[PDB]
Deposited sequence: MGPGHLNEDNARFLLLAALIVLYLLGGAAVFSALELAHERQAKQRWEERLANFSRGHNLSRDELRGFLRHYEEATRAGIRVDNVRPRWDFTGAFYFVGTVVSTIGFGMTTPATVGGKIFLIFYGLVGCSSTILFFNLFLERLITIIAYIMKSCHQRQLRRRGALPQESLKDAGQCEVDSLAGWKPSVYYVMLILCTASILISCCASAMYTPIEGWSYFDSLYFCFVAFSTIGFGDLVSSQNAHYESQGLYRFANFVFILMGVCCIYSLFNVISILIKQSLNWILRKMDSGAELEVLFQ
């Protein structure tokens, strides 16, 4: 049946996409990993020699620092993790499935409660993004009909994709223009953070709204909430729309394979 042929074809194409990506990423920056690890080994050797410290004592101390960093210590001045604001940021990253993982539950009660809270929250949010998308399609259809009348049916998926690309770029550039002066990131690092957050990938190498102090903290936190919400809804809509164009491309490939 054609639905099974589509499913197996898509699985094969995704597996080839993973093998191709793995072949590319290991070529771009395996050299950088090995340089940074060599430079670390040189720094650790210099520290060992300079202070008459054995690698045993240093490995013990660094094991304690690995424990402390999971509790949320940093050498930079970082906001408390489980004040009400930090917990609100945490639940925001759970419920959107971004999961930066700078804050993570540590008690068994927290671990248990997460499994139910994330279970209902993530379902409620995937509902929210589907209602958002249906509203956005309705708004675009209304505007396009008003333009058709102003020149005196629903929009096609390609023009919706071109609209959502424009929205995603405009939000991402505004967010980058906010994070660049406030967080001190480079502009390109802030664009990369914007994509990593809005796609809900969320590695957590960069996280906004973390220093112990900012000018106008409340306004900055509110703007960060608004920008992350708008970005996630726009890029998740873009993912759905591209997924529909992929499905149509698979149906075309299977038709041409007839």
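For this chain, the deposited residues without C-alpha positions form the stretches 1-6, 159-182, 289-298, given in sequence order.
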